[PDB]
$ cat my_file37.cif   # mmCIF, N, CA and C atoms and all ligand atoms
data_start
loop_
_atom_site.label_atom_id
_atom_site.label_comp_id
_atom_site.auth_asym_id
_atom_site.auth_seq_id
_atom_site.Cartn_x
_atom_site.Cartn_y
_atom_site.Cartn_z
N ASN Y 1 -46.05 -9.75 -15.51
CA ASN Y 1 -45.59 -8.34 -15.48
C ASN Y 1 -46.74 -7.40 -15.91
N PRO Y 2 -46.88 -6.25 -15.24
CA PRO Y 2 -47.74 -5.25 -15.75
C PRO Y 2 -47.30 -4.63 -17.02
N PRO Y 3 -48.23 -4.02 -17.77
CA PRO Y 3 -47.82 -3.23 -18.94
C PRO Y 3 -46.86 -2.12 -18.51
N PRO Y 4 -45.93 -1.74 -19.39
CA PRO Y 4 -45.01 -0.70 -18.98
C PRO Y 4 -45.72 0.65 -18.89
N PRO Y 5 -45.17 1.65 -18.20
CA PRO Y 5 -45.84 2.97 -18.15
C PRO Y 5 -46.01 3.60 -19.51
N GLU Y 6 -47.10 4.31 -19.73
CA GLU Y 6 -47.30 4.98 -20.98
C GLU Y 6 -46.20 6.02 -21.25
N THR Y 7 -45.94 6.21 -22.55
CA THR Y 7 -45.00 7.26 -23.01
C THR Y 7 -45.67 8.34 -23.83
N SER Y 8 -46.97 8.14 -24.06
CA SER Y 8 -47.83 9.12 -24.71
C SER Y 8 -49.26 8.82 -24.32
N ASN Y 9 -50.12 9.82 -24.48
CA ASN Y 9 -51.50 9.63 -24.15
C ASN Y 9 -52.26 10.73 -24.87
N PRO Y 10 -53.24 10.37 -25.72
CA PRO Y 10 -53.91 11.39 -26.52
C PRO Y 10 -54.72 12.35 -25.72
N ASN Y 11 -55.10 11.98 -24.49
CA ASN Y 11 -55.87 12.84 -23.64
C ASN Y 11 -54.97 13.77 -22.81
N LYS Y 12 -53.68 13.56 -22.76
CA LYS Y 12 -52.84 14.27 -21.82
C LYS Y 12 -52.15 15.42 -22.60
N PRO Y 13 -52.41 16.66 -22.22
CA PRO Y 13 -51.72 17.80 -22.88
C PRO Y 13 -50.21 17.70 -22.86
N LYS Y 14 -49.63 17.94 -24.04
CA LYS Y 14 -48.17 17.93 -24.22
C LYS Y 14 -47.59 19.33 -24.02
N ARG Y 15 -46.29 19.41 -23.75
CA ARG Y 15 -45.67 20.72 -23.67
C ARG Y 15 -44.14 20.57 -23.82
N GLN Y 16 -43.52 21.65 -24.26
CA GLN Y 16 -42.06 21.80 -24.27
C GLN Y 16 -41.68 23.03 -23.48
N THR Y 17 -40.63 22.97 -22.65
CA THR Y 17 -40.15 24.15 -21.95
C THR Y 17 -38.61 24.09 -21.95
N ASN Y 18 -38.00 25.20 -21.63
CA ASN Y 18 -36.48 25.23 -21.56
C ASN Y 18 -36.01 24.23 -20.56
N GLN Y 19 -36.68 24.11 -19.40
CA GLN Y 19 -36.22 23.19 -18.38
C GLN Y 19 -36.36 21.76 -18.86
N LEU Y 20 -37.48 21.42 -19.52
CA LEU Y 20 -37.65 20.07 -20.00
C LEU Y 20 -36.53 19.73 -21.08
N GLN Y 21 -36.20 20.72 -21.89
CA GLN Y 21 -35.15 20.52 -22.93
C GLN Y 21 -33.81 20.26 -22.24
N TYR Y 22 -33.52 20.97 -21.18
CA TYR Y 22 -32.32 20.78 -20.36
C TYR Y 22 -32.34 19.39 -19.74
N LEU Y 23 -33.48 18.98 -19.19
CA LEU Y 23 -33.62 17.65 -18.63
C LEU Y 23 -33.28 16.56 -19.63
N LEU Y 24 -33.69 16.73 -20.89
CA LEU Y 24 -33.41 15.73 -21.90
C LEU Y 24 -31.91 15.78 -22.35
N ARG Y 25 -31.46 16.95 -22.75
CA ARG Y 25 -30.17 17.08 -23.47
C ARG Y 25 -28.98 17.15 -22.52
N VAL Y 26 -29.15 17.45 -21.25
CA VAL Y 26 -28.07 17.49 -20.25
C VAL Y 26 -28.27 16.41 -19.22
N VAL Y 27 -29.41 16.41 -18.52
CA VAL Y 27 -29.56 15.59 -17.32
C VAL Y 27 -29.75 14.14 -17.64
N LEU Y 28 -30.80 13.79 -18.38
CA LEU Y 28 -31.02 12.45 -18.78
C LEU Y 28 -29.81 11.94 -19.57
N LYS Y 29 -29.29 12.75 -20.52
CA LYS Y 29 -28.23 12.20 -21.32
C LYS Y 29 -27.00 11.82 -20.48
N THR Y 30 -26.66 12.61 -19.48
CA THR Y 30 -25.50 12.26 -18.67
C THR Y 30 -25.73 11.01 -17.84
N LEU Y 31 -26.94 10.83 -17.31
CA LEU Y 31 -27.22 9.61 -16.55
C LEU Y 31 -27.30 8.39 -17.44
N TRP Y 32 -27.88 8.57 -18.62
CA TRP Y 32 -28.06 7.48 -19.57
C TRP Y 32 -26.69 6.89 -20.01
N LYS Y 33 -25.73 7.78 -20.18
CA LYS Y 33 -24.39 7.36 -20.67
C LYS Y 33 -23.49 6.89 -19.56
N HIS Y 34 -23.90 7.05 -18.30
CA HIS Y 34 -23.09 6.63 -17.16
C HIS Y 34 -23.04 5.08 -17.19
N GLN Y 35 -21.88 4.53 -16.74
CA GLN Y 35 -21.78 3.05 -16.74
C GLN Y 35 -22.83 2.31 -15.88
N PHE Y 36 -23.37 3.07 -14.89
CA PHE Y 36 -24.34 2.41 -13.97
C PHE Y 36 -25.78 2.51 -14.51
N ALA Y 37 -25.98 3.02 -15.68
CA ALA Y 37 -27.36 3.29 -16.14
C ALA Y 37 -28.12 2.02 -16.43
N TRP Y 38 -27.46 0.92 -16.87
CA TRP Y 38 -28.15 -0.18 -17.55
C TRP Y 38 -29.32 -0.83 -16.79
N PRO Y 39 -29.22 -1.00 -15.48
CA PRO Y 39 -30.42 -1.64 -14.80
C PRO Y 39 -31.64 -0.72 -14.82
N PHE Y 40 -31.42 0.54 -15.14
CA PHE Y 40 -32.43 1.59 -15.10
C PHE Y 40 -32.92 2.05 -16.45
N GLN Y 41 -32.48 1.43 -17.53
CA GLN Y 41 -32.80 1.86 -18.87
C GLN Y 41 -34.09 1.27 -19.46
N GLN Y 42 -34.63 0.26 -18.80
CA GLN Y 42 -35.85 -0.42 -19.27
C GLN Y 42 -36.70 -0.77 -18.02
N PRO Y 43 -38.05 -0.80 -18.24
CA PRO Y 43 -38.91 -1.24 -17.14
C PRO Y 43 -38.49 -2.60 -16.61
N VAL Y 44 -38.60 -2.78 -15.34
CA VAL Y 44 -38.23 -4.04 -14.69
C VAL Y 44 -39.08 -5.18 -15.22
N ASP Y 45 -38.45 -6.23 -15.72
CA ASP Y 45 -39.12 -7.43 -16.16
C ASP Y 45 -39.03 -8.47 -15.05
N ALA Y 46 -40.08 -8.52 -14.20
CA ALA Y 46 -40.08 -9.36 -13.02
C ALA Y 46 -40.12 -10.85 -13.41
N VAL Y 47 -40.69 -11.17 -14.61
CA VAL Y 47 -40.75 -12.55 -15.10
C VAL Y 47 -39.34 -13.04 -15.52
N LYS Y 48 -38.68 -12.27 -16.38
CA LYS Y 48 -37.36 -12.65 -16.92
C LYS Y 48 -36.33 -12.69 -15.82
N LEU Y 49 -36.44 -11.80 -14.84
CA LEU Y 49 -35.48 -11.73 -13.75
C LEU Y 49 -35.78 -12.59 -12.49
N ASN Y 50 -36.90 -13.30 -12.59
CA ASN Y 50 -37.36 -14.15 -11.47
C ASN Y 50 -37.43 -13.32 -10.20
N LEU Y 51 -38.16 -12.19 -10.30
CA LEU Y 51 -38.40 -11.31 -9.15
C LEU Y 51 -39.93 -11.22 -8.94
N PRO Y 52 -40.54 -12.33 -8.51
CA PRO Y 52 -42.03 -12.41 -8.51
C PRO Y 52 -42.68 -11.37 -7.63
N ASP Y 53 -42.01 -10.89 -6.62
CA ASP Y 53 -42.58 -9.91 -5.72
C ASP Y 53 -42.33 -8.45 -6.10
N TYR Y 54 -41.64 -8.19 -7.20
CA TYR Y 54 -41.29 -6.80 -7.53
C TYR Y 54 -42.53 -5.91 -7.60
N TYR Y 55 -43.54 -6.35 -8.40
CA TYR Y 55 -44.76 -5.49 -8.58
C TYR Y 55 -45.78 -5.73 -7.50
N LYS Y 56 -45.52 -6.67 -6.64
CA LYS Y 56 -46.28 -6.78 -5.40
C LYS Y 56 -45.97 -5.60 -4.47
N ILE Y 57 -44.67 -5.16 -4.53
CA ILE Y 57 -44.17 -4.13 -3.67
C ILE Y 57 -44.20 -2.72 -4.33
N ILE Y 58 -43.84 -2.66 -5.61
CA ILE Y 58 -43.72 -1.47 -6.36
C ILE Y 58 -44.97 -1.25 -7.21
N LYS Y 59 -45.73 -0.23 -6.82
CA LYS Y 59 -47.00 0.08 -7.54
C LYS Y 59 -46.92 1.28 -8.47
N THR Y 60 -45.81 2.06 -8.37
CA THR Y 60 -45.59 3.16 -9.31
C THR Y 60 -44.22 2.98 -9.98
N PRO Y 61 -44.12 1.92 -10.81
CA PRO Y 61 -42.75 1.68 -11.46
C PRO Y 61 -42.34 2.87 -12.33
N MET Y 62 -41.01 3.05 -12.47
CA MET Y 62 -40.53 4.06 -13.38
C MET Y 62 -39.07 3.68 -13.72
N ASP Y 63 -38.67 4.09 -14.90
CA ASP Y 63 -37.33 3.79 -15.45
C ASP Y 63 -36.92 4.87 -16.39
N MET Y 64 -35.61 4.98 -16.68
CA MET Y 64 -35.11 6.01 -17.54
C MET Y 64 -35.49 5.84 -19.00
N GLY Y 65 -35.72 4.62 -19.45
CA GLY Y 65 -36.23 4.46 -20.80
C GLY Y 65 -37.58 5.12 -21.05
N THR Y 66 -38.46 4.92 -20.05
CA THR Y 66 -39.77 5.61 -20.08
C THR Y 66 -39.60 7.12 -19.99
N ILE Y 67 -38.71 7.58 -19.11
CA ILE Y 67 -38.51 9.03 -18.94
C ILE Y 67 -37.98 9.61 -20.29
N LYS Y 68 -36.98 8.92 -20.89
CA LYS Y 68 -36.40 9.37 -22.17
C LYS Y 68 -37.49 9.54 -23.21
N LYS Y 69 -38.30 8.49 -23.38
CA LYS Y 69 -39.36 8.50 -24.37
C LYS Y 69 -40.39 9.61 -24.06
N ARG Y 70 -40.75 9.76 -22.78
CA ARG Y 70 -41.66 10.89 -22.39
C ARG Y 70 -41.11 12.23 -22.83
N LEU Y 71 -39.83 12.45 -22.48
CA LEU Y 71 -39.21 13.67 -22.88
C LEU Y 71 -39.22 13.88 -24.38
N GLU Y 72 -38.80 12.86 -25.11
CA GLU Y 72 -38.74 12.98 -26.54
C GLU Y 72 -40.15 13.22 -27.18
N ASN Y 73 -41.19 12.71 -26.54
CA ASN Y 73 -42.56 12.84 -27.01
C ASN Y 73 -43.22 14.09 -26.44
N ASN Y 74 -42.55 14.91 -25.67
CA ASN Y 74 -43.21 16.10 -25.12
C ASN Y 74 -44.35 15.75 -24.16
N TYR Y 75 -44.24 14.61 -23.51
CA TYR Y 75 -45.35 14.05 -22.67
C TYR Y 75 -45.62 14.89 -21.43
N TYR Y 76 -44.59 15.52 -20.88
CA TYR Y 76 -44.70 16.29 -19.61
C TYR Y 76 -45.21 17.69 -19.84
N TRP Y 77 -45.90 18.23 -18.83
CA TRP Y 77 -46.25 19.60 -18.84
C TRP Y 77 -45.14 20.54 -18.38
N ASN Y 78 -44.38 20.06 -17.35
CA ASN Y 78 -43.32 20.86 -16.79
C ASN Y 78 -42.21 20.02 -16.21
N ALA Y 79 -41.13 20.70 -15.88
CA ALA Y 79 -39.96 19.99 -15.37
C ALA Y 79 -40.17 19.20 -14.09
N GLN Y 80 -40.95 19.78 -13.18
CA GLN Y 80 -41.26 19.10 -11.93
C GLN Y 80 -41.87 17.69 -12.16
N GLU Y 81 -42.71 17.59 -13.16
CA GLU Y 81 -43.35 16.35 -13.48
C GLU Y 81 -42.32 15.25 -13.86
N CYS Y 82 -41.33 15.71 -14.62
CA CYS Y 82 -40.22 14.79 -15.00
C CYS Y 82 -39.31 14.45 -13.83
N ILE Y 83 -38.98 15.48 -13.05
CA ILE Y 83 -38.19 15.29 -11.82
C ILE Y 83 -38.83 14.25 -10.90
N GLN Y 84 -40.17 14.34 -10.80
CA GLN Y 84 -40.85 13.35 -9.99
C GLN Y 84 -40.65 11.90 -10.45
N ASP Y 85 -40.62 11.73 -11.77
CA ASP Y 85 -40.34 10.38 -12.32
C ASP Y 85 -38.94 9.88 -11.91
N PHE Y 86 -37.94 10.74 -12.06
CA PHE Y 86 -36.61 10.33 -11.60
C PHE Y 86 -36.63 9.90 -10.15
N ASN Y 87 -37.28 10.77 -9.31
CA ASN Y 87 -37.27 10.46 -7.94
C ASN Y 87 -38.00 9.16 -7.61
N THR Y 88 -39.14 8.91 -8.29
CA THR Y 88 -39.81 7.63 -8.14
C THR Y 88 -38.93 6.44 -8.50
N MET Y 89 -38.16 6.57 -9.63
CA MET Y 89 -37.26 5.50 -10.00
C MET Y 89 -36.24 5.19 -8.91
N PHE Y 90 -35.63 6.24 -8.34
CA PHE Y 90 -34.64 5.97 -7.32
C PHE Y 90 -35.28 5.39 -6.03
N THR Y 91 -36.38 6.00 -5.60
CA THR Y 91 -37.06 5.53 -4.35
C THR Y 91 -37.49 4.05 -4.52
N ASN Y 92 -38.02 3.67 -5.71
CA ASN Y 92 -38.40 2.26 -5.95
C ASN Y 92 -37.24 1.32 -5.72
N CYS Y 93 -36.10 1.72 -6.25
CA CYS Y 93 -34.91 0.86 -6.12
C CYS Y 93 -34.57 0.68 -4.62
N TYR Y 94 -34.62 1.76 -3.86
CA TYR Y 94 -34.29 1.68 -2.44
C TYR Y 94 -35.34 0.90 -1.65
N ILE Y 95 -36.60 0.99 -2.03
CA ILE Y 95 -37.64 0.25 -1.32
C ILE Y 95 -37.47 -1.26 -1.60
N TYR Y 96 -37.31 -1.62 -2.88
CA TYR Y 96 -37.31 -3.00 -3.24
C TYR Y 96 -36.04 -3.79 -2.80
N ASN Y 97 -34.87 -3.14 -2.93
CA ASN Y 97 -33.60 -3.82 -2.74
C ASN Y 97 -33.04 -3.63 -1.31
N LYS Y 98 -32.02 -4.41 -1.01
CA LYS Y 98 -31.28 -4.33 0.25
C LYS Y 98 -30.22 -3.25 0.18
N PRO Y 99 -30.00 -2.47 1.28
CA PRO Y 99 -28.92 -1.49 1.20
C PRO Y 99 -27.66 -2.34 1.06
N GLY Y 100 -26.72 -1.89 0.37
CA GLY Y 100 -25.56 -2.85 0.35
C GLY Y 100 -25.56 -3.53 -1.00
N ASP Y 101 -26.71 -3.74 -1.65
CA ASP Y 101 -26.73 -4.45 -2.93
C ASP Y 101 -26.04 -3.49 -3.98
N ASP Y 102 -25.38 -4.06 -4.97
CA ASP Y 102 -24.81 -3.27 -6.04
C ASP Y 102 -25.79 -2.27 -6.64
N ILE Y 103 -27.03 -2.76 -6.88
CA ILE Y 103 -27.98 -1.93 -7.62
C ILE Y 103 -28.33 -0.68 -6.81
N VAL Y 104 -28.35 -0.81 -5.48
CA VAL Y 104 -28.60 0.34 -4.67
C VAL Y 104 -27.48 1.36 -4.70
N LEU Y 105 -26.24 0.84 -4.53
CA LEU Y 105 -25.06 1.71 -4.62
C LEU Y 105 -24.98 2.40 -6.02
N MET Y 106 -25.33 1.64 -7.04
CA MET Y 106 -25.38 2.26 -8.37
C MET Y 106 -26.40 3.40 -8.47
N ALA Y 107 -27.64 3.10 -7.97
CA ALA Y 107 -28.68 4.14 -7.98
C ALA Y 107 -28.28 5.32 -7.18
N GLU Y 108 -27.57 5.10 -6.02
CA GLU Y 108 -27.15 6.23 -5.18
C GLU Y 108 -26.17 7.18 -5.95
N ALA Y 109 -25.22 6.56 -6.71
CA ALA Y 109 -24.29 7.31 -7.52
C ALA Y 109 -25.00 8.11 -8.66
N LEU Y 110 -25.99 7.48 -9.29
CA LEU Y 110 -26.78 8.18 -10.32
C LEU Y 110 -27.57 9.32 -9.65
N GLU Y 111 -28.18 9.06 -8.51
CA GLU Y 111 -28.97 10.10 -7.85
C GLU Y 111 -28.14 11.29 -7.39
N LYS Y 112 -26.88 11.01 -6.95
CA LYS Y 112 -25.98 12.08 -6.61
C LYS Y 112 -25.69 12.98 -7.82
N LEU Y 113 -25.42 12.31 -8.94
CA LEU Y 113 -25.17 13.07 -10.20
C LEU Y 113 -26.41 13.85 -10.65
N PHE Y 114 -27.61 13.19 -10.54
CA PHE Y 114 -28.82 13.83 -10.89
C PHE Y 114 -29.00 15.11 -10.11
N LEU Y 115 -28.87 15.00 -8.78
CA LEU Y 115 -29.05 16.16 -7.92
C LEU Y 115 -28.04 17.26 -8.20
N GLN Y 116 -26.80 16.89 -8.52
CA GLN Y 116 -25.79 17.88 -8.97
C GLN Y 116 -26.23 18.65 -10.23
N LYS Y 117 -26.80 17.91 -11.16
CA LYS Y 117 -27.21 18.49 -12.44
C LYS Y 117 -28.49 19.33 -12.32
N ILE Y 118 -29.44 19.04 -11.41
CA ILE Y 118 -30.63 19.83 -11.36
C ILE Y 118 -30.51 20.89 -10.28
N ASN Y 119 -29.43 20.98 -9.54
CA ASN Y 119 -29.38 22.07 -8.52
C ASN Y 119 -29.61 23.53 -8.99
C1 LIG H 1 -29.76 -9.22 -23.93
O1 LIG H 1 -29.53 -9.75 -22.64
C2 LIG H 1 -29.98 -9.05 -21.52
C3 LIG H 1 -30.52 -7.81 -21.63
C4 LIG H 1 -30.95 -7.17 -20.47
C5 LIG H 1 -30.85 -7.72 -19.19
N1 LIG H 1 -31.32 -6.97 -18.12
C6 LIG H 1 -31.12 -7.26 -16.83
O2 LIG H 1 -30.43 -8.20 -16.40
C7 LIG H 1 -31.72 -6.29 -15.82
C8 LIG H 1 -31.25 -6.25 -14.50
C9 LIG H 1 -31.77 -5.37 -13.55
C10 LIG H 1 -32.82 -4.52 -13.91
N2 LIG H 1 -33.36 -3.59 -13.00
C11 LIG H 1 -33.74 -3.82 -11.73
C12 LIG H 1 -34.08 -2.80 -10.90
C13 LIG H 1 -34.08 -1.33 -11.13
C14 LIG H 1 -34.51 -3.39 -9.62
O3 LIG H 1 -34.79 -2.72 -8.59
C15 LIG H 1 -34.41 -4.87 -9.69
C16 LIG H 1 -33.81 -5.14 -11.08
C17 LIG H 1 -33.27 -4.54 -15.20
CL1 LIG H 1 -34.67 -3.55 -15.65
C18 LIG H 1 -32.83 -5.49 -16.18
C19 LIG H 1 -30.32 -8.98 -19.09
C20 LIG H 1 -29.90 -9.60 -20.29
#

$ encode --input "my_file37.cif" --output "structure tokens"
Amino acid sequence: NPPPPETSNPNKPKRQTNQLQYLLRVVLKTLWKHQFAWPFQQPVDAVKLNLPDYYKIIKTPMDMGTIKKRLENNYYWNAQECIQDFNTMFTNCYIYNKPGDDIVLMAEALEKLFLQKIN
């Protein structure tokens, strides 16, 4: 497995904005507490899950645990930067998995809620 994505970086300027605070306290929190959140709460462990090809296919991994920690650490400059992480997480799931698989249907339901919350 690759190292998980960074959640802080001393060279990367930090920032707080109203939108980023909304992303943490409304958007992320509602997705995090949803029953379908669990496969998305930690970086994919391709070794433990016997998914040897996961990081062969997925070169920009992302998960809500990393997003949560980024938000809490003020890692992002702006909301768009965080939005991009969410979108990467969902697109990865759709690229890697079969349509029809539970995990895809779960991600689709989270993404629907996400889009409702950031409209
Ligand atoms: C304490 O016991 C346990 C604690 C945690 C787990 N976790 C899992 O089974 C698990 C299952 C699916 C996951 N996500 C995946 C995504 C987003 C993919 O696209 C493929 C798999 C993740 Cl990251 C973890 C098991 C036992």

$ closest_residue --input "my_file37.cif" --among "Y:20, Y:8, Y:59, Y:94" --to "residue 82 (chain Y)" --atoms "only N, CA and C atoms"
Y:20

$ residues_near_ligand --input "my_file37.cif" --ligand "ligand LIG 1 (chain H)" --cutoff "7 Å" --atoms "all atoms listed in the file" --output "ChimeraX atom specification"
/Y:38-45,49,92-94,96-97,103

$ select_by_dssp --input "my_file37.cif" --residues "chain Y" --states "alpha helix (DSSP H)" --output "PyMOL selection string"
chain Y and resi 18-22+29-33+54-57+64-72+79-96+102-118

$ residues_around --input "my_file37.cif" --residues "region 88-90 of chain Y" --least-positions-apart "3" --cutoff "7 Å" --atoms "all atoms listed in the file" --output "list in words"
residues 60, 61, 62, 63, 64, 83, 84, 85, 93, 94, 95 and 107 of chain Y

$ closest_residue --input "my_file37.cif" --among "Y:36, Y:51, Y:67, Y:72" --to "residue 109 (chain Y)" --atoms "all atoms listed in the file"
Y:36

$ residues_around --input "my_file37.cif" --residues "residue 22 (chain Y)" --least-positions-apart "3" --cutoff "12 Å" --atoms "only C-alpha atoms" --output "list in words"
residues 16, 17, 18, 19, 25, 26, 27, 28, 29, 30, 71, 72, 78, 79, 82, 83, 117 and 118 of chain Y

$ atom_distance --input "my_file37.cif" --atom1 "CA of residue 56 (chain Y)" --atom2 "CA of residue 32 (chain Y)"
27.1 Å

$ atom_distance --input "my_file37.cif" --atom1 "CA of residue 69 (chain Y)" --atom2 "atom C of residue 102 (chain Y)"
24.8 Å

$ atom_distance --input "my_file37.cif" --atom1 "atom C of residue 34 (chain Y)" --atom2 "CA of residue 110 (chain Y)"
8.4 Å

$ decode --input "my_file37.cif" --residues "region 23-35 of chain Y" --atoms "N, CA, C and O atoms" --output "tab-separated table (two decimals), in the first residue's frame"
chain	number	residue	atom	x	y	z
Y	23	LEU	N	-18.31	23.37	5.03
Y	23	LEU	CA	-17.94	22.05	4.55
Y	23	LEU	C	-17.66	21.09	5.69
Y	23	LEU	O	-17.96	19.90	5.59
Y	24	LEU	N	-17.01	21.56	6.75
Y	24	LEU	CA	-16.70	20.69	7.88
Y	24	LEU	C	-17.98	20.42	8.74
Y	24	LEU	O	-18.26	19.23	9.04
Y	25	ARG	N	-18.63	21.47	9.17
Y	25	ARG	CA	-19.67	21.37	10.22
Y	25	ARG	C	-21.02	20.97	9.67
Y	25	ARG	O	-21.85	20.42	10.45
Y	26	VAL	N	-21.29	21.10	8.39
Y	26	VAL	CA	-22.56	20.69	7.75
Y	26	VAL	C	-22.32	19.55	6.80
Y	26	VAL	O	-22.93	18.43	6.90
Y	27	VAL	N	-21.45	19.75	5.79
Y	27	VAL	CA	-21.39	18.81	4.67
Y	27	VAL	C	-20.70	17.53	5.03
Y	27	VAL	O	-21.28	16.44	4.91
Y	28	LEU	N	-19.44	17.59	5.45
Y	28	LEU	CA	-18.73	16.44	5.87
Y	28	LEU	C	-19.47	15.76	7.02
Y	28	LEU	O	-19.57	14.52	7.03
Y	29	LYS	N	-19.94	16.55	8.02
Y	29	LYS	CA	-20.55	15.87	9.13
Y	29	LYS	C	-21.78	15.05	8.73
Y	29	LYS	O	-21.93	13.90	9.21
Y	30	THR	N	-22.59	15.55	7.82
Y	30	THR	CA	-23.77	14.78	7.42
Y	30	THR	C	-23.39	13.52	6.66
Y	30	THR	O	-23.98	12.45	6.87
Y	31	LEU	N	-22.37	13.59	5.80
Y	31	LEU	CA	-21.94	12.38	5.09
Y	31	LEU	C	-21.27	11.38	6.01
Y	31	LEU	O	-21.46	10.17	5.88
Y	32	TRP	N	-20.49	11.90	6.95
Y	32	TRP	CA	-19.75	11.06	7.88
Y	32	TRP	C	-20.72	10.20	8.75
Y	32	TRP	O	-20.38	9.06	9.13
Y	33	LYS	N	-21.82	10.83	9.13
Y	33	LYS	CA	-22.79	10.14	10.03
Y	33	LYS	C	-23.77	9.29	9.28
Y	33	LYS	O	-24.52	8.54	9.90
Y	34	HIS	N	-23.77	9.34	7.94
Y	34	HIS	CA	-24.68	8.55	7.13
Y	34	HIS	C	-24.26	7.06	7.29
Y	34	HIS	O	-23.07	6.69	7.43
Y	35	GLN	N	-25.28	6.16	7.25
Y	35	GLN	CA	-24.92	4.73	7.39
Y	35	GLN	C	-23.96	4.17	6.32
Y	35	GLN	O	-23.28	3.21	6.55
